[PDB]
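One structure below.
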Amino acid sequence: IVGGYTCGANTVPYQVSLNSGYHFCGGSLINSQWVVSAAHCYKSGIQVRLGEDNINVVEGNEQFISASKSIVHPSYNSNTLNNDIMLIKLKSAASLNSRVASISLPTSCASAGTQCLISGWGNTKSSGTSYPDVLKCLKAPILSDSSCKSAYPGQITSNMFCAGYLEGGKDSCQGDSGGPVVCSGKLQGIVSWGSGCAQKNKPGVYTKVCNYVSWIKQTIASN
Ligand SMILES: [Ca+2]
């Protein structure tokens with residue numbers, strides 16, 4: 001997260017860290033046994049880390065649970081990042097509490113102008129690299145589809161939305177991948193891609209979760 005703020009320990013209780021010996025992606029806990037992340041975060045041997053603030057210090061509220069199954073969206077296109085969404089089933093159900101909690105799926109899509117919370121342990125610099133150990137937060141509006149398509153001609157599908165600031169300086173970044181965009185208490189986005197980070201006229205592009213609720217629900221019901 002570039003230009004964000006320190007969330008505060010466990011203030012984003014649905015935020016997960018995907019760990020393969022190191023943090024490599026974020027995710028969102030959507031029920032006690034399922035995590036949603038980005039398909040471009042797919043790899044084998046994922047441990048899901050819940051209740052994290054400092055990902056380098058055991059602080060007392062963590063739950064470390066291995067993934068038993070990962071399901072990349074059937075139409076994920078890694079070249080275009082269309083349908084950049086994946087489900088991860090935990091080997092055992094997480095213990096839900098005030099600091100580890102699921103985030104609700106949307107019943108409707110959020111409109112441009114809605115303010116959302118984006119969070120992650122990604123890079124905090126737009127040039128160079130500095131990775132924080134504690135969770136960073138960014139409040140950002142959803143941008144209109146027209147401004148989104150104008151920033152990224154030919155690259156925005158109906159399964160994507162832009163959020164952020166056309167003036168730059170505030171954005172998600174590498175390592176925030178797969179993490180949540182939460183608007184009015186609902187998971188509306190997944191950190192997916194962007195041109196660099198926090199660059200002028202290059203807002204973040206997010207997977208449009210409301211388009212996948214039926215797939216998510218059907219998949220969880222049968223797996
Ligand atoms: Ca920790």
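Would you mind ranking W121, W34 so that the residue whose beta carbon has the fewest other beta carbons within 10 Å leads the list? Spell out each step's value before the answer.
Details: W121 26, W34 23.
So the residues, fewest neighbours to most, are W34, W121.
Normalised by 2.2 N^0.38 Å, where N is the number of residues, the C-alpha radius of gyration of the chain stands at 0.92. Applying 0.36 nm per residue to the separation of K91 and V57 and subtracting their alpha-carbon distance, the gain on full extension is 9.9 nm. Kirkwood-type hydrodynamic radius, region 81-172: 16.0 Å, calculated from all non-identical alpha-carbon pairs. In region 13-86, a dipole from Cβ-located charges (positive for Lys and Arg, negative for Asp and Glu) runs towards its positive end, and of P74, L29, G51 it is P74 whose Cα lies farthest in that direction. Taking other C-beta atoms within 10 angstrom as a stand-in for reagent exposure, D176, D133 fall in the order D133, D176, fewest first.
The phi torsions of region 21-30, fed into the Karplus equation with coefficients 6.51, -1.76 and 1.60 and a -60° offset, translate into couplings of x, 5, 5, 10, 7, x, x, 9, 7, 9 Hz, rounded to whole numbers, with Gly and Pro shown as x.
Each peptide in 140-153, 91-104 receives the mean, over its residues, of other Cβ atoms within 10 Å, and ordering these scores from highest gives 140-153, 91-104. Calculated translational diffusion coefficient of region 1-76 (25 °C, 0.890 mPa s; Stokes-Einstein with Kirkwood radius over alpha-carbon pairs) equals 186 µm²/s. Suppose only helical runs count, i.e. DSSP H with n ≥ 4. What mean residue ellipticity at 222 nm does that imply for the chain under -39500 (n - 2.57) per run, divided by all residues and rounded to the nearest 500 deg cm²/dmol? -2000 deg cm²/dmol, from helical runs alone.
Distance from the Cα centre of region 176-223 to that of region 1-23, in angstrom? Here the answer is 15 Å between Cα centres. Taking amide hydrogens as placed 1.01 Å from N in the peptide plane, the amide H of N82 sits under 5 Å from those of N77, each at least 5 positions away in sequence or on another chain. Backbone phi angles across region 145-157, fed through the Karplus curve with coefficients 6.51, -1.76 and 1.60 (θ = phi - 60°), yield HN-Hα couplings of 4, 5, 5, 5, 5, 6, 6, 10, x, x, 10, 9, 9 Hz in residue order; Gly and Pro are listed as x.
Shown in residue order for region 168-180 are the 3J(HN,Hα) couplings computed by the Karplus curve 6.51 cos²θ - 1.76 cosθ + 1.60 at θ = phi - 60°: x, x, 9, 5, 7, 7, 3, x, 7, 2, x, x, x Hz (x for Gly and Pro). Backbone N atoms of region 121-163 closer than 16 Å to the 7 Å Cα→Cβ label point of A9 belong to residues 133-136.
Charge tally for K91 (other residues, Cβ to Cβ under 15 Å; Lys, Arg +1; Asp, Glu -1): +3.
With Cβ to Cβ distances under 11 Å as the rule, what net charge do the other residues near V12 carry (K, R +1; D, E -1)? That works out to 0. Residue order for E167, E52, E62, fewest other beta carbons within 10 angstrom first, comes to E167, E62, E52.
Net charge within 13 Å of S104 by Cβ-Cβ distance, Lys/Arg positive one each and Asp/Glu negative one each, not counting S104 itself? Please list the in-between numbers first.
Numbers: positive: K186, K217; negative: none.
My count for the surroundings of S104 gives +2.
The label point for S150 and the one for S130, both projected 7 Å from the Cα toward the Cβ, are 3.3 nm apart.
Values quoted throughout were computed directly from the atomic coordinates according to the rules given, and no laboratory measurement underlies them. Backbone-built Cβ (ideal geometry, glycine too); neighbour counts: all protein chains shown.
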